[PDB]
Amino acid sequence: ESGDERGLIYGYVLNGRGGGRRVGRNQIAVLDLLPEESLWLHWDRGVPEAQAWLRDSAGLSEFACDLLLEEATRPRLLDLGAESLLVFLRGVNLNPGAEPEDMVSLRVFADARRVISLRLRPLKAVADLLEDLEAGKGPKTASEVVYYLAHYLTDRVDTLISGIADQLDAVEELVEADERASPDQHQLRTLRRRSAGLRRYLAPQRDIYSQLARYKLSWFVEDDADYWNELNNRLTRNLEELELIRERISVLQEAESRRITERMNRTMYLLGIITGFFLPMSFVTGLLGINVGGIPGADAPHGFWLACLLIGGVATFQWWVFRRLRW
Amino acid sequence: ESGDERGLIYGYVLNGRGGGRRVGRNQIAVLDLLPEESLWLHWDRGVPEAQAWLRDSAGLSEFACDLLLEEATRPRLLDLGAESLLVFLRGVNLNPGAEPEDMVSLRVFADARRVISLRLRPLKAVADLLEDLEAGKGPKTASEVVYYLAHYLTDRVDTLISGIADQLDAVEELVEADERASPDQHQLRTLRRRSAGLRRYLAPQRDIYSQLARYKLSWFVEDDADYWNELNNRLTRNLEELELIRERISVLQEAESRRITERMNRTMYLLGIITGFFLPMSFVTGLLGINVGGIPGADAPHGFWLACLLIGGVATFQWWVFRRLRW
Amino acid sequence: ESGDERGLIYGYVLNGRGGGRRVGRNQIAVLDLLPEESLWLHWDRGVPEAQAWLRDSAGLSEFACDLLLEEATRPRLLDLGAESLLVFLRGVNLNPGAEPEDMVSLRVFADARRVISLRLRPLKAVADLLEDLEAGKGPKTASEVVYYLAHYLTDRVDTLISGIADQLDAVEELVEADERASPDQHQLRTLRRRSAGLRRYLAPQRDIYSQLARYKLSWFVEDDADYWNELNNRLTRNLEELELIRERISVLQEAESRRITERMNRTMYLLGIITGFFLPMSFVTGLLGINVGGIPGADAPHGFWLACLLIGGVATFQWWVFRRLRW
Amino acid sequence: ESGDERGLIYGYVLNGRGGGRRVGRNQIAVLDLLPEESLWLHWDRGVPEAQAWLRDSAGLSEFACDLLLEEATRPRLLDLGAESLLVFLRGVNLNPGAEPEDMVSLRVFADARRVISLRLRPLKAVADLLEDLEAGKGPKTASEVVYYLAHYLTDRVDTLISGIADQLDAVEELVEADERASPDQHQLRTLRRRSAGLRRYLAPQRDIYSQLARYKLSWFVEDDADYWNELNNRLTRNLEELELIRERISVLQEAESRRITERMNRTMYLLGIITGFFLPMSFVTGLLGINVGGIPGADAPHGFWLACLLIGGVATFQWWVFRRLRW
Amino acid sequence: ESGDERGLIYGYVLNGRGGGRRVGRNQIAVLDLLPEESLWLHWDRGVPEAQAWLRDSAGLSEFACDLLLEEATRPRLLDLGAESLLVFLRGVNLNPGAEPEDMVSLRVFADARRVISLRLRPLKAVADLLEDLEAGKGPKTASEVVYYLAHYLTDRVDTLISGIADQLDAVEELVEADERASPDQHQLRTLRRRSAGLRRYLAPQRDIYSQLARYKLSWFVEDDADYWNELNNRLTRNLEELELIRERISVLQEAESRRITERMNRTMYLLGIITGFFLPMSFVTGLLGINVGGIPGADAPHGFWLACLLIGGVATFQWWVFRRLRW
């Protein structure tokens with residue numbers, strides 16, 4: 001906000017009614033009123049002042065701090081003691097640079113009255129949640145904040161996967177509408193890479209959601225148990241779609257390979273025809289007589305009765321190999 | 001019926017004895033008599049008035065309404081509270097357009113005394129159930145309606161799979177009856193696509209049926225537990241048939257690829273023969289004498305004793321490479 | 001027997017001591033004495049009078065009758081109520097027509113004092129059991145009849161699988177005894193089809209036997225529990241042999257494909273040699289002098305000092321490409 | 001021993017202290033003293049007198065006798081009643097004939113005070129155990145005899161697998177030390193066959209050992225429970241090594257196939273070069289002038305200004321296709 | 001230390017506060033004070049005096065001694081009695097020789113107050129732990145020593161796997177940045193070998209860590225239960241990365257094979273073009289007239305009206321096969 005900010009991207013105190021207020025860098029001195037309003041803090045994991053405040057503030061165990069300030073992580077849920085669970089989520093990387101896969105990683109520390117979220121590269125889901133909040137229809141408690149974040153991450157991953165599916169649909173309909181048209185490589189490769197890199201991170205998030213759906217009594221009240229369950233369902237459906245997409249890509253690749261091999265065989269057949277017709281014919285014409293037509297007026301060759309038997313032999317060979325080429 | 005209908009395809013109050021009656025758009029004022037007769041409503045999921053009535057009528061939780069008015073779904077059973085389970089089923093798409101796979105989706109909300117079914121594209125199973133009903137031999141309670149719908153969906157999926165099997169049988173018997181005959185591509189591809197798209201939706205329905213068969217005490221009385229079990233069995237058998245069909249298609253594809261590769265090798269062999277016979281022979285005839293037979297009457301060549309040794313060398317080379325080509 | 005029979009193939013009342021007696025079509029009026037003797041009925045599932053009697057006689061639930069008069073089934077065991085289990089078994093189809101796989105289906109309804117068996121195509125196991133019975137050493141109770149049927153079905157499936165194994169052994173020993181000999185296709189294909197079609201039905205029968213072996217206290221007394229267990233073992237062993245046979249067939253196929261590809265490469269090498277030796281040599285001889293030896297007695301060419309440098313260039317090219325072909 | 005023996009290979013009464021004594025064919029009249037010494041009998045499963053004595057002696061249930069006198073078996077453990085378990089083990093076939101895989105089968109009937117072992121083809125492990133015994137350091141009870149047999153069978157299977165691994169190591173180091181050197185086929189094939197045939201029988205023995213390790217309280221006192229456990233471990237390690245060996249063989253095969261395909265492409269490239277250089281050049285020289293150098297002293301051709309434009313066209317074609325061949 | 005050492009690499013008595021002291025070969029006479037300080041001994045498994053002392057000292061069961069002085073082992077945890085567990089770990093082999101895979105094996109015997117570690121080839125993790133210790137910030141109890149060893153082994157295995165990933169990234173970005181550039185073989189092969197040899201040993205260590213994380217109450221106090229759990233997590237992540245790396249390598253290999261096959265087809269097409277254009281044209285020029293231009297001034301050929309029809313036939317053939325080659 002006004003003045004320079006150390007590491008705090010979005011400092012927003014909730015309201016308990018979907019509303020809220022931004023607090024900015026002067027948040028160590030907030031006195032939250034009766035416990036309906038949570039407090040949300042979005043931190044830049046790269047800025048060293050963020051890690052500084054994160055080490056000594058809001059009383060996090062040094063184990064926890066070291067657990068969400070790592071470099072490489074995989075999606076997982078982690079409960080540490082009567083409160084304070086840790087969730088490691090993966091965005092979908094709609095950054096101006098590239099690569100929808102290679103998913104941005106979002107790390108959440110969920111308390112009963114605080115949520116602290118970490119990221120390196122900006123996420124869309126967080127801006128969605130923010131504009132949701134100041135619109136007066138956002139979440140109202142910590143569990144609701146985590147649910148909104150997960151919901152938006154999934155609402156974008158499924159959009160991406162449906163886009164991949166329509167891309168494959170266009171490729172296929174083009175390939176089969178035309179004929180002897182190869183599918184555009186360097187696109188099937190990118191789609192395969194994308195499906196693999198998506199599954200690699202979506203497989204553990206489904207389990208995160210399943211775990212968040214089963215009991216999680218005190219933290220994330222079962223009011224949202226079925227919501228977490230249907231998020232689990234949506235990721236299951238998306239993984240099914242990913243496997244179907246991979247199998248469709250493999251079918252396209254096998255079809256293309258078979259096509260080029262059959263075309264190879266066809267051109268080899270034509271090559272054999274061209275040779276076997278002309279190589280002998282160019283040899284038998286070797287001992288042929290005068291190569292100009294009708295030397296003595298009526299009939300060009302004279303004395304042919306001796307050696308003319310050769311034109312029959314190469315003709316027999318030709319028709320033999322021709323029947324030998326057909327079958 | 002008479003007058004214009006908002007979204008209600010089939011409004012049919014059951015009878016408890018297989019009979020029933022159609023009610024039409026004036027159904028908010030039905031007073032069902034003593035509880036033997038259910039009430040069935042088939043809605044068009046696309047018409048906005050259907051979703052309008054569905055939001056505020058028959059007292060469905062907003063969660064439920066939002067759960068069966070989605071766009072993309074996968075087959076699953078869902079129990080929500082002492083009553084009112086939700087089933088998401090997949091037809092087989094016998095629509096005039098195309099594609100037996102890409103299965104029509106049927107979504108059922110089953111109560112103890114009401115069934116509400118949703119669809120976008122028309123389904124055969126529903127017309128089957130209707131003509132069954134007004135024939136006086138249809139279902140008589142809600143569980144029976146859901147069972148009839150599932151039974152008809154399966155009675156058509158197995159017909160489709162047996163059709164696929166006979167198609168593969170015809171293809172194979174043709175291929176092996178003839179010889180060097182390639183199987184009709186663009187048909188093996190469609191059959192493979194069909195098997196994959198069928199399995200993608202049949203794998204969860206088997207689990208739906210298994211779940212509906214295990215306890216489901218209060219809702220779907222165990223009178224039909226064994227019926228749901230045998231529906232589970234039939235889908236298991238059909239999935240086995242689908243895997244067998246996929247493996248048969250893969251065998252046909254490998255056979256065709258091997259055939260074209262071996263034919264490629266054969267035509268390359270013939271090409272090598274044609275060249276290795278004539279390329280040397282066309283070279284040794286280069287320094288040959290007069291290309292017309294018997295110049296000095298008796299014997300055509302003169303002075304051959306010097307350079308005639310060459311015709312032996314290329315002949316040795318020819319028989320060498322010929323023995324080198326055979327083995 | 002004497003007189004015309006409606007649908008009853010083998011009507012044989014057991015004895016409790018392995019013996020028995022045939023009853024024929026007049027069996028509705030048998031009064032079985034003190035309960036040591038069962039009653040066996042082998043029915044033709046196709047004859048409509050068999051299904052007629054089967055609907056209303058021996059008091060079978062209409063669900064049961066409809067369950068074993070289906071068209072397509074998979075092997076499974078099915079218990080229905082304090083008695084009366086249903087077993088669906090698969091023979092091995094030693095019929096004069098064809099196809100050891102595509103196994104004949106045998107459907108058994110086992111009671112405490114009755115066995116009713118159904119089939120379309122004749123089975124060997126049943127004739128085995130019959131000739132066993134009238135020999136005085138057959139079964140003596142219902143469980144024993146079902147066990148004998150299963151035992152004979154397995155005694156024939158393992159014979160078939162061992163035959164397949166010896167066939168593969170002969171094929172392999174021929175292929176490796178000789179060299180550059182392709183395995184007989186259209187036989188590897190049939191063996192692969194046979195293994196697949198056998199496994200498709202043997203996988204559920206193993207589970208049938210396991211289930212029949214675990215408790216089945218009242219029906220099939222544990223006197224035969226270990227016998228059912230060893231039948232389970234034998235089918236497990238046969239499935240292991242089937243997987244081993246499939247892997248051996250795949251090894252043979254890969255060996256053949258590698259062989260034809262390497263032969264293809266070899267003939268391409270020979271083709272390149274034939275061309276690269278003669279194509280240049282046939283070109284350099286183009287500007288060669290008189291193609292007859294020793295024109296001016298001593299040395300054929302005159303004035304060669306100008307253009308004779310060319311015979312070195314094509315020779316350098318030849319030895320270059322020859323060294324380029326070797327490595 | 002002295003006199004002729006019916007079927008008893010090794011008749012050795014143990015001692016309880018690792019020692020013992022051979023008894024020979026006169027063993028029906030041994031009166032074992034206070035129960036520290038077991039009694040071991042190694043029988044030839046082929047000799048009919050062995051099966052004769054085995055049917056009626058040492059009081060084995062006819063079920064048991066029929067269970068270990070079968071023809072085809074798979075490795076399994078089998079407990080039958082308060083005593084008397086049955087183990088079916090597989091040797092490694094170090095017989096002078098051939099085939100380390102195709103493992104000799106050893107069948108053990110273990111009592112609390114008797115061990116009876118059956119075999120067709122001689123086993124090394126048994127001679128090991130014998131020379132161990134008369135050395136004064138052999139087993140002392142029945143469980144110890146079975147453990148020694150299993151221990152020796154494993155000590156030889158792992159030797160064989162390590163030999164396979166070093167063979168693959170030598171093959172690989174040769175292949176990569178040299179270049180364009182194909183791996184010795186007919187050896188990779190034997191190693192693959194060997195790994196498959198070893199796994200086929202080692203997979204169930206691991207389970208035999210695991211079962212023998214879990215409780216087996218009364219029979220095989222838990223004094224050896226951890227020993228059976230580490231035997232389980234050793235077979236697990238050997239199966240891991242077998243899978244690694246199979247994957248290494250597959251890598252070698254793919255490398256060889258890629259190598260021959262790339263060499264095929266290379267020789268095709270050289271063939272295309274040889275033709276495309278000389279086929280046009282041999283055609284343009286067709287209408288060339290006098291093929292001898294310098295006819296009118298200074299410059300050989302006369303009147304070339306009309307048709308000399310052709311030598312440019314085929315040169316353009318040549319450089320075109322040459323650039324078309326490179327890229 | 002000073003004087004010659006028999007087999008003891010690192011003899012270091014801990015301190016209970018991260019500190020400690022080296023003891024050297026005179027350690028049989030240490031009297032550890034009140035039980036906060038453990039005692040660590042790193043032994044060379046090859047030196048026979050190490051195995052000598054290890055057989056009779058620190059009171060290890062002969063079973064244990066024989067269990068960790070084996071030759072071939074796989075990673076596993078092993079508890080033997082109220083104390084004294086055995087862990088078999090695998091380093092990453094950063095030895096000057098070669099092969100990051102083929103991992104050095106570290107074998108630990110963990111007591112409540114003693115740790116005894118064995119190795120053949122030197123390990124980095126142990127030097128790390130040592131320099132950690134004498135820096136005053138090392139472990140302080142036995143469980144902490146085992147945890148530090150495992151932590152360092154993992155901190156190096158993940159470094160190696162990330163290096164493999166960046167190597168593949170460089171290879172891919174090169175391949176796709178350029179075009180028709182083959183990936184560097186003999187590097188993809190080494191990376192595949194490395195991934196396989198890493199997984200072969202990392203799969204059991206993950207289970208070691210999971211087991212060490214679940215209860216292990218008395219030995220390895222649950223103070224480190226979550227630490228062992230996150231070590232389990234890190235190995236799970238690394239195995240995921242290994243599978244992703246293998247799939248990326250397979251994609252690169254398939255892309256290269258497709259590229260060489262398509263280039264093969266392209267050069268075959270060019271070869272067919274070169275022949276089919278010139279082979280006929282070189283034949284029709286056979287009977288062509290004078291090969292010098294304009295013999296009678298105005299028009300070179302005379303009498304062509306008879307046989308000139310041939311130049312049309314070979315031209316028709318040429319354009320036919322050309323259209324036959326395109327499609």
# chains A, B, ... in the order shown; residues from 1 in each chain; ligands from 1
>>> closest_atom_pairs(of="segment 69-151 of chain B", to="segment 38-51 of chain B", cutoff="9 Å", atoms="only C-alpha atoms", output="JSON lines")
{"residue": "B:69", "atom": "CA", "partner": "B:45", "partner_atom": "CA", "distance": 7.1}
{"residue": "B:112", "atom": "CA", "partner": "B:38", "partner_atom": "CA", "distance": 8.0}
{"residue": "B:113", "atom": "CA", "partner": "B:38", "partner_atom": "CA", "distance": 4.7}
{"residue": "B:114", "atom": "CA", "partner": "B:39", "partner_atom": "CA", "distance": 4.9}
{"residue": "B:115", "atom": "CA", "partner": "B:40", "partner_atom": "CA", "distance": 4.9}
{"residue": "B:116", "atom": "CA", "partner": "B:41", "partner_atom": "CA", "distance": 4.9}
{"residue": "B:117", "atom": "CA", "partner": "B:42", "partner_atom": "CA", "distance": 4.8}
{"residue": "B:118", "atom": "CA", "partner": "B:43", "partner_atom": "CA", "distance": 5.0}
{"residue": "B:119", "atom": "CA", "partner": "B:45", "partner_atom": "CA", "distance": 5.3}
{"residue": "B:120", "atom": "CA", "partner": "B:45", "partner_atom": "CA", "distance": 5.3}
{"residue": "B:121", "atom": "CA", "partner": "B:44", "partner_atom": "CA", "distance": 8.3}
{"residue": "B:122", "atom": "CA", "partner": "B:44", "partner_atom": "CA", "distance": 8.8}
{"residue": "B:126", "atom": "CA", "partner": "B:42", "partner_atom": "CA", "distance": 8.6}
{"residue": "B:140", "atom": "CA", "partner": "B:38", "partner_atom": "CA", "distance": 7.2}
{"residue": "B:141", "atom": "CA", "partner": "B:38", "partner_atom": "CA", "distance": 5.6}
{"residue": "B:142", "atom": "CA", "partner": "B:38", "partner_atom": "CA", "distance": 6.1}
{"residue": "B:145", "atom": "CA", "partner": "B:40", "partner_atom": "CA", "distance": 8.3}
>>> closest_atom_pairs(of="chain D", to="chain C", cutoff="6 Å", atoms="only C-alpha atoms", output="JSON lines")
{"residue": "D:264", "atom": "CA", "partner": "C:265", "partner_atom": "CA", "distance": 5.5}
{"residue": "D:271", "atom": "CA", "partner": "C:272", "partner_atom": "CA", "distance": 5.4}
{"residue": "D:282", "atom": "CA", "partner": "C:283", "partner_atom": "CA", "distance": 5.8}
{"residue": "D:291", "atom": "CA", "partner": "C:287", "partner_atom": "CA", "distance": 4.5}
>>> write_last_selection(atoms="C-alpha atoms", output="PDB file, in the first residue's frame")
ATOM      1  CA  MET D 264      20.492 -48.848 -42.765  1.00  0.00           C
ATOM      2  CA  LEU D 271      23.379 -45.253 -52.216  1.00  0.00           C
ATOM      3  CA  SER D 282      26.002 -40.706 -67.178  1.00  0.00           C
ATOM      4  CA  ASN D 291      34.836 -39.307 -75.972  1.00  0.00           C
TER       5      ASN D 291
END
>>> residues_around(residues="residue 219 of chain B", least_positions_apart="5", cutoff="12 Å", atoms="only C-alpha atoms", output="PyMOL selection string")
chain B and resi 79-86+110-114+141-144+146+212-213+224-225
>>> residues_around(residues="residue 161 of chain C", least_positions_apart="2", cutoff="9 Å", atoms="only C-alpha atoms", output="ChimeraX atom specification")
/C:156-159,163-166,195,198,238,241-242
>>> write_last_selection(atoms="C-alpha atoms", output="PDB file, in the first residue's frame")
ATOM      1  CA  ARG C 156      -8.670 -81.071 -19.627  1.00  0.00           C
ATOM      2  CA  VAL C 157      -7.639 -77.419 -19.496  1.00  0.00           C
ATOM      3  CA  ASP C 158      -4.206 -78.390 -18.212  1.00  0.00           C
ATOM      4  CA  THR C 159      -3.838 -81.016 -20.933  1.00  0.00           C
ATOM      5  CA  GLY C 163      -0.075 -79.239 -25.483  1.00  0.00           C
ATOM      6  CA  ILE C 164       0.383 -75.550 -26.255  1.00  0.00           C
ATOM      7  CA  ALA C 165       3.679 -75.605 -24.365  1.00  0.00           C
ATOM      8  CA  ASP C 166       5.010 -78.584 -26.315  1.00  0.00           C
ATOM      9  CA  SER C 195      -3.721 -68.288 -24.521  1.00  0.00           C
ATOM     10  CA  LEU C 198      -8.120 -69.308 -22.131  1.00  0.00           C
ATOM     11  CA  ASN C 238      -1.963 -73.089 -15.392  1.00  0.00           C
ATOM     12  CA  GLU C 241       2.079 -71.329 -17.590  1.00  0.00           C
ATOM     13  CA  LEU C 242      -0.169 -69.207 -19.808  1.00  0.00           C
TER      14      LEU C 242
END
>>> residues_around(residues="residue 95 of chain B", least_positions_apart="2", cutoff="12 Å", atoms="only C-alpha atoms", output="MDAnalysis selection string")
chainID B and resid 91:93 97:104 120:125
>>> residues_around(residues="residue 11 of chain B", least_positions_apart="4", cutoff="6 Å", atoms="only C-alpha atoms", output="PyMOL selection string")
chain B and resi 22-24+41
>>> atom_distance(atom1="atom CA of residue 199 of chain A", atom2="atom CA of residue 152 of chain E")
29.7 Å
